[PDB]
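One structure is given here, and the rest of the page talks about it.
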Amino acid sequence: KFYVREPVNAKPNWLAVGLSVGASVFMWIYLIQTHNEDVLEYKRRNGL
Amino acid sequence: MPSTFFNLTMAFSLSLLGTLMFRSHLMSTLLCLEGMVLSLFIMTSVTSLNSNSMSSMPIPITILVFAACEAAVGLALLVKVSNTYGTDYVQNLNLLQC
Amino acid sequence: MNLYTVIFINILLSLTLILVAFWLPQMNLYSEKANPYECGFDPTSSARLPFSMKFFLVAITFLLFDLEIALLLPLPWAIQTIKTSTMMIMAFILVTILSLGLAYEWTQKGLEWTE
Amino acid sequence: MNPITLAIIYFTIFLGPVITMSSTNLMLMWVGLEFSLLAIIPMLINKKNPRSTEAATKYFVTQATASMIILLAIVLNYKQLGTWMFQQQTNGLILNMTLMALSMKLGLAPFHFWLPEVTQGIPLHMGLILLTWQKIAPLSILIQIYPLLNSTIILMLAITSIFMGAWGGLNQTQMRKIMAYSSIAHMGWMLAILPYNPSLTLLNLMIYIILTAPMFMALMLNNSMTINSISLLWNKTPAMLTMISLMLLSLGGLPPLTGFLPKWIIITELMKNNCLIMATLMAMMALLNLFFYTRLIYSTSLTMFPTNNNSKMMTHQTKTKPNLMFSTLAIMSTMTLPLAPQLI
Amino acid sequence: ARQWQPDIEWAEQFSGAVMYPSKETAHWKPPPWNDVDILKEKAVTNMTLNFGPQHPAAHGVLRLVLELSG
Amino acid sequence: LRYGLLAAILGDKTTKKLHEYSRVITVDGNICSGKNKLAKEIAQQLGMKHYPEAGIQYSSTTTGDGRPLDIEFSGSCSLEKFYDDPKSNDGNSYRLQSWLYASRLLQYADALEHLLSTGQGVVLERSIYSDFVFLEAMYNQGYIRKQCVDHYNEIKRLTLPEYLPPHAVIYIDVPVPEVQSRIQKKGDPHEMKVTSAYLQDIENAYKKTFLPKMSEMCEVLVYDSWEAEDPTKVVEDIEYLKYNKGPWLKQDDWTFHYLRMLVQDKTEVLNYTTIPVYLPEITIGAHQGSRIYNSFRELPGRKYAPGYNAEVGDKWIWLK
Amino acid sequence: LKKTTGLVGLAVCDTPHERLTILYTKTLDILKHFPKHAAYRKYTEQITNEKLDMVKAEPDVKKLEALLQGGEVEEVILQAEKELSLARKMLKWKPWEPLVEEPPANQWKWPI
């Protein structure tokens, strides 16, 4: 409304925000899963 | 074999000396680069033939292929250089001193 | 020995003809007879001035195509291979690459001449 | 350039070094080097101005000569040992010739005079590619033959490179030449350690690349190709000043920043191998670099040089050029000393 | 009374082709802002060819002085 | 999708868009020659967009709010002061000329962007190709200095060659006494002080350097005032112009792409306007520059990036 | 529409009637600046008015060409442009003015 030229970032790029947030949560989930799996494997290999 | 290889080594060395010692013309320097390439080709082919190492004789032909590609690039650069400074004299090739 | 002999005889024959030509006829030499020729009127400049070439691009392309002929020439021996699938595939790839390069230089008005 | 030509040339530029690094046969490594040279030349001569043609011709002549000498080394090794890779029993002169020619390709002093001119006569993005990517293929070959190299020759090249680059950077008032001389100095440092521990050469190369790429992006942000031009940063784009300062200091080598770790670890290894005299000289002379970086910092961030009226209009426009990689690489190249143990 | 900030005289130190000047380099000049250099025009000279009179295609008596490039 | 190599490959090809009336037409003439009158009608009849002549506040109007900004932010130059005192010791003359040239450069970039993006021709009242007439008049009078002229010439050398020339150049010729009388009639107190020598130098430039040079690269259409009256005639001449002899004929998709990429980034357009040549008229000085810059970035809507100022009304910043 | 004009270099005009009206009207406008007694003004106005009247009357291109008796309508257009340019040049020259000078006594005498 204010800018004579509509700003390039006028509105959120909903595809971009969704991709970013989904990737972030996916990375966190995968990381915690791998940490648990690796702890279990370490204990198995070293006899607790 | 050994004397021939020594002579080819001297030929390459003389060509390299000519390359490193300029003399006004860039096309002449390109020709010296060619002379070095030819000496190397001959040395490689002689070595392969004398060893009977047929599995290595593709390598010399690749040497020729890439040397020709480089020569083509050099000649194109010459085209640009002449289209600018009117000739191919390397003295005019000194704008980047400053 | 035989190829050397025949080629040396050819060289000697040509040189002998040149020597006969240059040492038999009566020679009268003066400057006007010895000056260059241009259709009756003296030259206006040297013949060693730059002579721009309008086909330089195709000259360099001729270098490249000569080398690709170089890559192709081993085919008569290659076809005797036992890995015919690979040989044929590689030859087809090489010829296709040659053709595509020619097509690009054609469509970019490369084979045309500068004016 | 059209998309097809761009794709082909960039693919060849990417391929060259990949071929060199992945190839076992020395001749195929040489093929990789030749690919790199031929493909880079047109990108250099893109702007089609007299300076561009001058630089392209210089680069082509120098690189072609060096590559022919490398090919001689390979061929003589073939004659000697009936193989296509340097072995433990290859002649010392052959290996020294390979070392010389790769040094000339890389730009080490004394074989360095060509580099600053080539970097000055070409745009900034091609300056980045030349001063970063084109160093990977030559260094790979040396890393592959580090057991065989002559410490005397390598240390002569290293010390001369440090001295010449440090002295050279002082005088220059052109950003591209300054980057070239910084490249020569850091290259002296990378080569100094190659005979002893090549992993540190790789470490220093990666640090140098992460420090240099963002600097070239910063320069490209306004085409600031001179000290005066960069001085106007405080008006044209203020926020970038902190990174420019910190990255310049890191390249200089002040401890708290990452740029310290290369020099520190290299000195550690050199003295472990008893190279005290050379290490001390290099550490001493690597301070003129800090000097002629501090001068840039003075000019840009710690003082406000006279500005221009027309920059008022620039202030009105909007700009979008700072990528994400500038931020990422700048932070990674300045604030990563604490994680040093993982890097070595 | 106010923080001194660089002036034109101070900033013109960092303007020469080389900063620490020398007698040898005193004739150097700063490189052009864009890489283009104002070079002296190359006078393109075209060959001059008589093309006659004594030419098979000149009809006997024409001195068609031609100016040719290539 | 901001124009880039990807956009060009997937589409957005200019030669496809260019039509009969995708041209650049530039009116020209001495002051108060009816330039705006002619240009508005030409554009409206030929379906093209009208571009008012670039002024001191063109950039301020084209960016952000669009209201004229304080002269401190908009160039610290005044045409009123130029007329009241030409030979001012504050460099008003050359500051004005350089600022106006840079503004014209920006407007030319904008018009080229429009033409290449949508293929709708553009009518410009004056062009960077004709701006030098005023500078020549100033120098012929004792107003500005040879060093100012050198700076202007160098900046033009650095900027002008990048772009393409106008398709057609229309010069509305009006004699010196006639323009003087029209200025008196308009009766702007500062404008009336202009000198017939200054106007005569303007005309001499326009007819001795501009039109000769333009004729090489573009179609020229000279008119008198009575011909300029009735735009339909000029419009008809343009309509039946056959276009040749110009750099515009050697362009293609992959030249328009790079020209468009240059134009689209305005800062890249203005890059060489800010070359660090320390001309005392244009050298602002650190303290004043910092003060002005801080105030500007404190102006409403100019603190942050376009789509990021919340005081203005931008929303959803946390996901932008 | 005509496939071509027999004359080489002359491009077929897509809008001949409008082009002809434009040119003739423009020339009529130019001729007003001449003095009324100007013989050029009088004669050229007669000719242009006749041609413009025929242009308005006949819409068919072929029949209009037959009327104009100039051959191809493209050539007629070219001649109209020539007339306009000549009208401007005559305005500059001022040929209506009296004889510049008399010939010497017997300049045009023959046999001598």
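Ordering of the structure tokens sets the chain letters (A, B, ...), residue numbers begin anew at 1 in every chain, and ligands are numbered from 1 in the order given.
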Going by DSSP on the backbone, which residues of range 177-258 of chain F come out as strand (DSSP E)? List them as a tab-separated table (two decimals) with N, CA, C and O atoms, in the first residue's frame.
chain	number	residue	atom	x	y	z
F	219	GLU	N	16.97	6.99	-36.19
F	219	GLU	CA	16.15	7.84	-37.05
F	219	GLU	C	15.90	9.17	-36.36
F	219	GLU	O	15.46	9.21	-35.21
F	220	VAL	N	16.19	10.26	-37.06
F	220	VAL	CA	15.99	11.60	-36.53
F	220	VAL	C	14.80	12.22	-37.25
F	220	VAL	O	14.59	12.00	-38.45
F	221	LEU	N	14.02	13.01	-36.51
F	221	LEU	CA	12.84	13.68	-37.05
F	221	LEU	C	12.83	15.10	-36.50
F	221	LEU	O	12.29	15.35	-35.42
F	222	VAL	N	13.43	16.03	-37.23
F	222	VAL	CA	13.45	17.43	-36.83
F	222	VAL	C	12.12	18.07	-37.20
F	222	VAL	O	11.52	17.75	-38.23
F	223	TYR	N	11.65	18.97	-36.34
F	223	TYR	CA	10.42	19.70	-36.58
F	223	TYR	C	10.59	21.14	-36.10
F	223	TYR	O	11.51	21.46	-35.35
F	224	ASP	N	9.69	22.00	-36.57
F	224	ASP	CA	9.53	23.33	-36.02
F	224	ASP	C	8.36	23.32	-35.04
F	224	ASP	O	7.67	22.32	-34.88
Would you list the contacts of residue 94 in chain B as a JSON list (two decimals) with N, CA and C atoms, in the first residue's frame, taking every protein, DNA or RNA residue within 12 Å and counting only C-alpha atoms, but skipping same-chain residues closer than 6 positions in sequence?
[["chain", "number", "residue", "atom", "x", "y", "z"],
["B", 85, "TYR", "N", 45.63, -4.62, -31.09],
["B", 85, "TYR", "CA", 46.81, -3.78, -31.25],
["B", 85, "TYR", "C", 47.35, -3.72, -32.66],
["D", 50, "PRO", "N", 41.02, -4.75, -24.28],
["D", 50, "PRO", "CA", 42.47, -4.95, -24.43],
["D", 50, "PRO", "C", 43.13, -5.55, -23.21],
["D", 51, "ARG", "N", 42.73, -5.13, -22.01],
["D", 51, "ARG", "CA", 43.31, -5.71, -20.81],
["D", 51, "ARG", "C", 42.96, -7.18, -20.69],
["D", 52, "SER", "N", 41.73, -7.55, -21.03],
["D", 52, "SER", "CA", 41.35, -8.95, -20.98],
["D", 52, "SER", "C", 42.19, -9.78, -21.94],
["D", 53, "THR", "N", 42.39, -9.29, -23.17],
["D", 53, "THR", "CA", 43.19, -10.05, -24.12],
["D", 53, "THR", "C", 44.64, -10.15, -23.64],
["D", 54, "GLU", "N", 45.17, -9.06, -23.09],
["D", 54, "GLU", "CA", 46.52, -9.10, -22.55],
["D", 54, "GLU", "C", 46.65, -10.18, -21.48],
["D", 55, "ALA", "N", 45.74, -10.17, -20.51],
["D", 55, "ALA", "CA", 45.81, -11.14, -19.43],
["D", 55, "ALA", "C", 45.65, -12.56, -19.95],
["D", 57, "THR", "N", 46.40, -13.76, -22.91],
["D", 57, "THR", "CA", 47.62, -14.19, -23.59],
["D", 57, "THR", "C", 48.70, -14.54, -22.59],
["D", 58, "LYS", "N", 48.88, -13.72, -21.56],
["D", 58, "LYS", "CA", 49.90, -14.02, -20.57],
["D", 58, "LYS", "C", 49.63, -15.36, -19.90],
["D", 114, "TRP", "N", 53.79, -13.43, -13.36],
["D", 114, "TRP", "CA", 52.64, -13.50, -14.25],
["D", 114, "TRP", "C", 51.33, -13.33, -13.49],
["D", 117, "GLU", "N", 49.43, -9.73, -12.71],
["D", 117, "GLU", "CA", 48.88, -9.11, -13.91],
["D", 117, "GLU", "C", 47.62, -9.81, -14.38],
["D", 118, "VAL", "N", 47.63, -11.14, -14.38],
["D", 118, "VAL", "CA", 46.46, -11.89, -14.80],
["D", 118, "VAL", "C", 45.29, -11.61, -13.87],
["D", 121, "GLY", "N", 43.89, -8.07, -14.68],
["D", 121, "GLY", "CA", 43.27, -7.82, -15.98],
["D", 121, "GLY", "C", 41.98, -8.55, -16.25]]
Neighbouring residues of residue 248 in chain D were defined as those with any atom within 8 Å, considering only C-alpha atoms; residues of the same chain fewer than 2 positions away were excluded. Please report them as a list in words.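 Here the qualifying residues turn out to be residues 244, 245, 246, 250, 251, 252, 293, 294 and 297 of chain D.
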Write a file of the selected residues as a compact mmCIF listing (two decimals), in the first residue's frame, keeping C-alpha atoms.
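again28.txt was written with the following content:
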# COMPACT_ATOMS: atom_id res chain seq x y z
CA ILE D 244 35.58 -7.10 5.81
CA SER D 245 37.65 -6.10 8.83
CA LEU D 246 37.57 -9.49 10.54
CA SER D 250 42.14 -13.39 9.78
CA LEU D 251 43.97 -13.55 6.46
CA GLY D 252 46.68 -11.53 8.15
CA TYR D 293 45.72 -5.50 5.54
CA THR D 294 45.52 -3.15 8.53
CA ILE D 297 40.95 -1.78 7.49
Near chain D, 12 Å: chain A residue rows, closest pairs, only C-alpha atoms, as CSV:
residue,atom,partner,partner_atom,distance
A:5,CA,D:318,CA,11.4
A:7,CA,D:318,CA,9.9
A:8,CA,D:320,CA,10.0
A:9,CA,D:320,CA,11.0
For N, CA and C atoms, I'd like the residues from the last selection saved as an mmCIF file, in the first residue's frame.
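Listed below is the output, selection.cif:
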data_model
loop_
_atom_site.group_PDB
_atom_site.id
_atom_site.type_symbol
_atom_site.label_atom_id
_atom_site.label_comp_id
_atom_site.auth_asym_id
_atom_site.auth_seq_id
_atom_site.Cartn_x
_atom_site.Cartn_y
_atom_site.Cartn_z
ATOM 1 N N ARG A 5 6.343 0.868 -5.741
ATOM 2 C CA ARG A 5 6.590 -0.424 -6.361
ATOM 3 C C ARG A 5 6.358 -1.508 -5.321
ATOM 4 N N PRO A 7 6.907 -4.462 -3.097
ATOM 5 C CA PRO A 7 8.208 -5.021 -2.724
ATOM 6 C C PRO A 7 8.346 -6.461 -3.185
ATOM 7 N N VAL A 8 9.585 -6.839 -3.495
ATOM 8 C CA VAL A 8 9.842 -8.178 -4.014
ATOM 9 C C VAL A 8 9.467 -9.226 -2.976
ATOM 10 N N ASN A 9 9.714 -8.935 -1.700
ATOM 11 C CA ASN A 9 9.344 -9.816 -0.595
ATOM 12 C C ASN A 9 8.039 -9.382 0.055
#
What separation in Å, quoted to one decimal, exists between CA of residue 234 in chain F and CA of residue 38 in chain F?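 According to the coordinates, CA of residue 234 in chain F and CA of residue 38 in chain F are separated by 8.4 Å.
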Extract, using only C-alpha atoms, all DNA, RNA and protein residues at most 9 Å from range 87-96 of chain G, discarding same-chain residues fewer than 4 positions from it, and format them as a list in words. residues 27, 30, 31, 33, 34, 35, 37, 38, 39, 40, 41, 44, 82 and 83 of chain G
Within 10 Å of range 26-41 of chain B using only C-alpha atoms, minus same-chain residues under 2 positions, as a PyMOL selection string: (chain B and resi 7-24+43-47+59-64+66-68+70-71+74-75+78+81+87-91) or (chain D and resi 57+61+64-65+68-69+71-72+74-76)
Just-selected residues, N, CA and C atoms written as a compact mmCIF listing (two decimals), in the first residue's frame:
# COMPACT_ATOMS: atom_id res chain seq x y z
N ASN B 7 69.53 -37.02 -27.90
CA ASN B 7 69.35 -35.99 -28.91
C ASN B 7 67.95 -35.39 -28.83
N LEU B 8 66.94 -36.23 -28.63
CA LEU B 8 65.59 -35.71 -28.50
C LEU B 8 65.46 -34.84 -27.26
N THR B 9 66.12 -35.22 -26.16
CA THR B 9 66.10 -34.39 -24.97
C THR B 9 66.71 -33.02 -25.26
N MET B 10 67.83 -33.00 -25.98
CA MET B 10 68.44 -31.72 -26.34
C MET B 10 67.52 -30.91 -27.24
N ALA B 11 66.83 -31.57 -28.17
CA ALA B 11 65.91 -30.85 -29.04
C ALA B 11 64.80 -30.19 -28.23
N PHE B 12 64.22 -30.94 -27.29
CA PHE B 12 63.19 -30.35 -26.44
C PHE B 12 63.76 -29.20 -25.62
N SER B 13 64.97 -29.36 -25.10
CA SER B 13 65.56 -28.30 -24.29
C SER B 13 65.78 -27.04 -25.12
N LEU B 14 66.25 -27.19 -26.36
CA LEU B 14 66.43 -26.02 -27.22
C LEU B 14 65.10 -25.36 -27.54
N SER B 15 64.07 -26.16 -27.81
CA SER B 15 62.76 -25.58 -28.07
C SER B 15 62.26 -24.81 -26.85
N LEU B 16 62.45 -25.37 -25.65
CA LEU B 16 62.04 -24.68 -24.44
C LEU B 16 62.83 -23.40 -24.23
N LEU B 17 64.12 -23.43 -24.54
CA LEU B 17 64.93 -22.22 -24.45
C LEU B 17 64.37 -21.14 -25.37
N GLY B 18 64.05 -21.52 -26.61
CA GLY B 18 63.45 -20.56 -27.52
C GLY B 18 62.13 -20.03 -27.01
N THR B 19 61.33 -20.90 -26.39
CA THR B 19 60.06 -20.45 -25.83
C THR B 19 60.28 -19.43 -24.72
N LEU B 20 61.20 -19.72 -23.81
CA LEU B 20 61.40 -18.83 -22.67
C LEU B 20 62.12 -17.55 -23.06
N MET B 21 62.78 -17.52 -24.21
CA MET B 21 63.47 -16.32 -24.67
C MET B 21 62.68 -15.75 -25.85
N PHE B 22 61.88 -14.72 -25.57
CA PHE B 22 61.00 -14.15 -26.59
C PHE B 22 61.80 -13.37 -27.63
N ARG B 23 61.12 -13.04 -28.72
CA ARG B 23 61.75 -12.31 -29.81
C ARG B 23 60.71 -11.61 -30.69
N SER B 24 59.86 -10.80 -30.07
CA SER B 24 58.99 -9.86 -30.76
C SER B 24 57.68 -10.47 -31.26
N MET B 43 59.61 -38.74 -28.43
CA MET B 43 60.21 -39.47 -27.32
C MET B 43 59.25 -40.53 -26.79
N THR B 44 57.98 -40.17 -26.62
CA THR B 44 57.01 -41.12 -26.09
C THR B 44 56.83 -42.30 -27.05
N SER B 45 56.68 -42.01 -28.34
CA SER B 45 56.47 -43.08 -29.30
C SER B 45 57.68 -44.00 -29.37
N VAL B 46 58.88 -43.43 -29.35
CA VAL B 46 60.08 -44.25 -29.37
C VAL B 46 60.12 -45.15 -28.14
N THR B 47 59.83 -44.60 -26.97
CA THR B 47 59.86 -45.41 -25.76
C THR B 47 58.87 -46.56 -25.85
N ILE B 59 48.53 -43.24 -25.68
CA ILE B 59 48.94 -42.03 -24.97
C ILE B 59 49.55 -41.01 -25.91
N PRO B 60 50.47 -41.37 -26.81
CA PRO B 60 51.02 -40.37 -27.73
C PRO B 60 49.97 -39.68 -28.58
N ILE B 61 48.98 -40.43 -29.07
CA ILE B 61 47.96 -39.79 -29.89
C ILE B 61 47.16 -38.81 -29.05
N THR B 62 46.91 -39.14 -27.79
CA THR B 62 46.25 -38.15 -26.94
C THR B 62 47.13 -36.92 -26.74
N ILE B 63 48.45 -37.11 -26.66
CA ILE B 63 49.35 -35.96 -26.58
C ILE B 63 49.10 -35.04 -27.75
N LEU B 64 49.05 -35.61 -28.96
CA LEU B 64 48.81 -34.79 -30.14
C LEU B 64 47.45 -34.10 -30.06
N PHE B 66 45.60 -33.11 -27.48
CA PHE B 66 45.54 -31.98 -26.57
C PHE B 66 46.48 -30.86 -27.00
N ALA B 67 47.63 -31.19 -27.59
CA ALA B 67 48.50 -30.15 -28.09
C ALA B 67 47.81 -29.35 -29.18
N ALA B 68 47.08 -30.03 -30.07
CA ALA B 68 46.35 -29.32 -31.11
C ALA B 68 45.28 -28.42 -30.51
N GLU B 70 45.32 -26.96 -27.60
CA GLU B 70 45.99 -25.79 -27.03
C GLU B 70 46.45 -24.84 -28.13
N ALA B 71 46.98 -25.37 -29.23
CA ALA B 71 47.41 -24.51 -30.32
C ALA B 71 46.24 -23.72 -30.89
N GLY B 74 45.55 -20.91 -28.64
CA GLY B 74 46.56 -19.88 -28.82
C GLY B 74 46.32 -19.04 -30.05
N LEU B 75 45.96 -19.68 -31.16
CA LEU B 75 45.73 -18.93 -32.39
C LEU B 75 44.51 -18.01 -32.26
N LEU B 78 45.65 -15.07 -30.52
CA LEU B 78 46.36 -14.23 -31.47
C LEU B 78 45.39 -13.40 -32.30
N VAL B 81 44.38 -10.56 -30.24
CA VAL B 81 45.48 -9.63 -29.98
C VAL B 81 45.72 -8.75 -31.19
N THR B 87 48.84 -5.56 -34.64
CA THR B 87 49.84 -6.56 -35.01
C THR B 87 49.93 -7.59 -33.89
N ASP B 88 50.94 -8.45 -33.96
CA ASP B 88 51.15 -9.49 -32.97
C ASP B 88 52.42 -9.27 -32.15
N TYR B 89 52.97 -8.06 -32.17
CA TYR B 89 54.19 -7.80 -31.43
C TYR B 89 53.90 -7.76 -29.93
N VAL B 90 54.70 -8.50 -29.16
CA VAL B 90 54.44 -8.63 -27.73
C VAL B 90 54.79 -7.39 -26.93
N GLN B 91 55.53 -6.45 -27.52
CA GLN B 91 55.86 -5.23 -26.79
C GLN B 91 54.61 -4.47 -26.39
N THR D 57 46.40 -13.76 -22.91
CA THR D 57 47.62 -14.19 -23.59
C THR D 57 48.70 -14.54 -22.59
N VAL D 61 50.29 -18.36 -22.38
CA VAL D 61 51.70 -18.65 -22.63
C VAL D 61 52.32 -19.32 -21.41
N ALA D 64 50.85 -22.90 -20.68
CA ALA D 64 51.24 -23.88 -21.68
C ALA D 64 52.70 -24.27 -21.52
N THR D 65 53.58 -23.30 -21.27
CA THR D 65 54.98 -23.64 -21.06
C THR D 65 55.15 -24.56 -19.86
N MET D 68 53.97 -28.09 -20.66
CA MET D 68 54.91 -28.85 -21.48
C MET D 68 56.08 -29.37 -20.65
N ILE D 69 56.57 -28.57 -19.71
CA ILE D 69 57.67 -29.07 -18.88
C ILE D 69 57.19 -30.21 -17.98
N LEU D 71 54.89 -32.34 -18.79
CA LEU D 71 54.80 -33.49 -19.67
C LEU D 71 56.18 -34.08 -19.95
N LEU D 72 57.21 -33.23 -20.05
CA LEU D 72 58.56 -33.76 -20.16
C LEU D 72 58.92 -34.60 -18.95
N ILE D 74 56.98 -36.29 -17.03
CA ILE D 74 56.25 -37.55 -17.11
C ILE D 74 56.90 -38.48 -18.13
N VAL D 75 57.26 -37.94 -19.30
CA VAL D 75 57.80 -38.78 -20.36
C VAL D 75 59.15 -39.37 -19.95
N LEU D 76 60.01 -38.55 -19.36
CA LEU D 76 61.31 -39.06 -18.93
C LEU D 76 61.14 -40.12 -17.85
Using only C-alpha atoms, select each residue of chain F with any atom at most 9 Å away from an atom of chain G, and give the selection as a PyMOL selection string. chain F and resi 233+236-237+240
When you get a sec, could you note down which chain E residues fall within 9 Å of chain F, using only C-alpha atoms, as an MDAnalysis selection string? chainID E and resid 5:8 11:12 33:34 36
Can you write out as a Markdown table which residues of chain D fall within 12 Å of chain C, alongside each residue's closest atom pair and its distance in Å to one decimal, counting only C-alpha atoms and ordering rows by chain and ascending residue number?
| residue | atom | partner | partner_atom | distance |
| --- | --- | --- | --- | --- |
| D:1 | CA | C:108 | CA | 11.6 |
| D:2 | CA | C:108 | CA | 10.5 |
| D:4 | CA | C:104 | CA | 9.5 |
| D:5 | CA | C:104 | CA | 9.8 |
| D:8 | CA | C:101 | CA | 11.6 |
Shell of 7 Å around residue 73 in chain D, only C-alpha atoms, local chain residues under 3 positions omitted, as a list in words: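 Near neighbours after the sequence-gap exclusion: residues 69, 70, 76, 77, 94, 97 and 98 of chain D.
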Give me the residues near residue 51 in chain E as a ChimeraX atom specification, where near means some atom within 8 Å (using only C-alpha atoms) and where sequence neighbours in that chain fewer than 5 positions away do not count. /C:38-39 /E:58,62-66
Using N, CA and C atoms, can you write the selected residues to a file as a CSV table (one decimal), in the first residue's frame?
chain,number,residue,atom,x,y,z
C,38,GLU,N,51.8,-6.2,-61.9
C,38,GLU,CA,50.4,-5.9,-61.5
C,38,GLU,C,49.8,-5.3,-62.7
C,39,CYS,N,49.4,-6.1,-63.7
C,39,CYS,CA,48.5,-5.7,-64.8
C,39,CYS,C,48.8,-4.4,-65.5
E,58,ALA,N,39.5,-7.4,-67.5
E,58,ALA,CA,39.3,-5.9,-67.5
E,58,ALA,C,38.9,-5.3,-68.8
E,62,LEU,N,41.1,-1.0,-68.5
E,62,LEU,CA,40.5,-0.5,-67.2
E,62,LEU,C,41.6,-0.7,-66.1
E,63,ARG,N,41.8,0.4,-65.4
E,63,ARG,CA,42.7,0.3,-64.2
E,63,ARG,C,41.8,0.5,-63.0
E,64,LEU,N,41.0,-0.6,-62.7
E,64,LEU,CA,40.1,-0.6,-61.6
E,64,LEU,C,40.9,-0.8,-60.3
E,65,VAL,N,41.4,0.3,-59.8
E,65,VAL,CA,42.2,0.3,-58.6
E,65,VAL,C,41.2,-0.1,-57.4
E,66,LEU,N,41.4,-1.3,-56.9
E,66,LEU,CA,40.5,-1.9,-55.9
E,66,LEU,C,41.1,-1.7,-54.5
Would you write out, as a Markdown table, a table of all residues in chain C that have an atom no more than 7 Å from an atom of chain B, listing for each the closest atom pair and the distance in Å to one decimal, considering only C-alpha atoms and ordering rows by chain and rising residue number?
| residue | atom | partner | partner_atom | distance |
| --- | --- | --- | --- | --- |
| C:60 | CA | B:72 | CA | 5.7 |
| C:64 | CA | B:69 | CA | 6.9 |
| C:67 | CA | B:65 | CA | 6.0 |
Could the residues of chain B within 12 Å of chain E, counting only C-alpha atoms, be given as a PyMOL selection string, please? chain B and resi 82-87+92+95-98
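The part of chain D that reaches within 8 Å of chain F is made up of residues 1, 2, 3, 222, 223, 228, 229, 235, 304, 305, 306, 307, 308, 309, 310, 311, 312, 313, 314, 315, 316, 317, 318 and 319 of chain D, counting only C-alpha atoms.
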As a ChimeraX atom specification, could you give me every residue of chain C near chain E (at most 7 Å apart, counting only C-alpha atoms)? /C:38-41,44,51-54
Counting only C-alpha atoms, which residues in chain A sit no more than 6 Å from chain F? For each one, give the nearest pair of atoms and the distance in Å, sorted by chain then residue number, as JSON lines.
{"residue": "A:2", "atom": "CA", "partner": "F:65", "partner_atom": "CA", "distance": 5.8}
{"residue": "A:3", "atom": "CA", "partner": "F:64", "partner_atom": "CA", "distance": 4.8}
{"residue": "A:4", "atom": "CA", "partner": "F:66", "partner_atom": "CA", "distance": 6.0}
{"residue": "A:7", "atom": "CA", "partner": "F:307", "partner_atom": "CA", "distance": 5.2}
{"residue": "A:9", "atom": "CA", "partner": "F:307", "partner_atom": "CA", "distance": 5.2}
{"residue": "A:10", "atom": "CA", "partner": "F:307", "partner_atom": "CA", "distance": 5.2}
{"residue": "A:12", "atom": "CA", "partner": "F:320", "partner_atom": "CA", "distance": 5.1}
Include N, CA and C atoms and write out the residues we just selected as a PDB file, in the first residue's frame.
ATOM      1  N   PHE A   2       1.974   1.182   0.735  1.00  0.00           N
ATOM      2  CA  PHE A   2       2.849   2.336   0.897  1.00  0.00           C
ATOM      3  C   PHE A   2       3.830   2.463  -0.262  1.00  0.00           C
ATOM      4  N   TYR A   3       4.450   1.357  -0.656  1.00  0.00           N
ATOM      5  CA  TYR A   3       5.500   1.412  -1.662  1.00  0.00           C
ATOM      6  C   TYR A   3       4.909   1.645  -3.043  1.00  0.00           C
ATOM      7  N   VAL A   4       5.483   2.602  -3.771  1.00  0.00           N
ATOM      8  CA  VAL A   4       5.052   2.839  -5.144  1.00  0.00           C
ATOM      9  C   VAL A   4       5.250   1.584  -5.977  1.00  0.00           C
ATOM     10  N   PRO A   7       6.907  -4.462  -3.097  1.00  0.00           N
ATOM     11  CA  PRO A   7       8.208  -5.021  -2.724  1.00  0.00           C
ATOM     12  C   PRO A   7       8.346  -6.461  -3.185  1.00  0.00           C
ATOM     13  N   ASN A   9       9.714  -8.935  -1.700  1.00  0.00           N
ATOM     14  CA  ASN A   9       9.344  -9.816  -0.595  1.00  0.00           C
ATOM     15  C   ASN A   9       8.039  -9.382   0.055  1.00  0.00           C
ATOM     16  N   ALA A  10       7.042  -9.020  -0.753  1.00  0.00           N
ATOM     17  CA  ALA A  10       5.805  -8.481  -0.200  1.00  0.00           C
ATOM     18  C   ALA A  10       5.134  -9.481   0.731  1.00  0.00           C
ATOM     19  N   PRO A  12       5.090 -13.754   2.341  1.00  0.00           N
ATOM     20  CA  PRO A  12       5.947 -14.918   2.587  1.00  0.00           C
ATOM     21  C   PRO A  12       5.910 -15.888   1.417  1.00  0.00           C
TER      22      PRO A  12
END
Secondary structure check, helix (DSSP H, G or I) residues of chain A, as JSON, numbers by chain: {"A": [14, 15, 16, 17, 18, 19, 20, 21, 22, 23, 24, 25, 26, 27, 28, 29, 30, 31, 32, 33, 34, 35, 36, 37, 38, 39, 40, 41, 42, 43, 44, 45]}
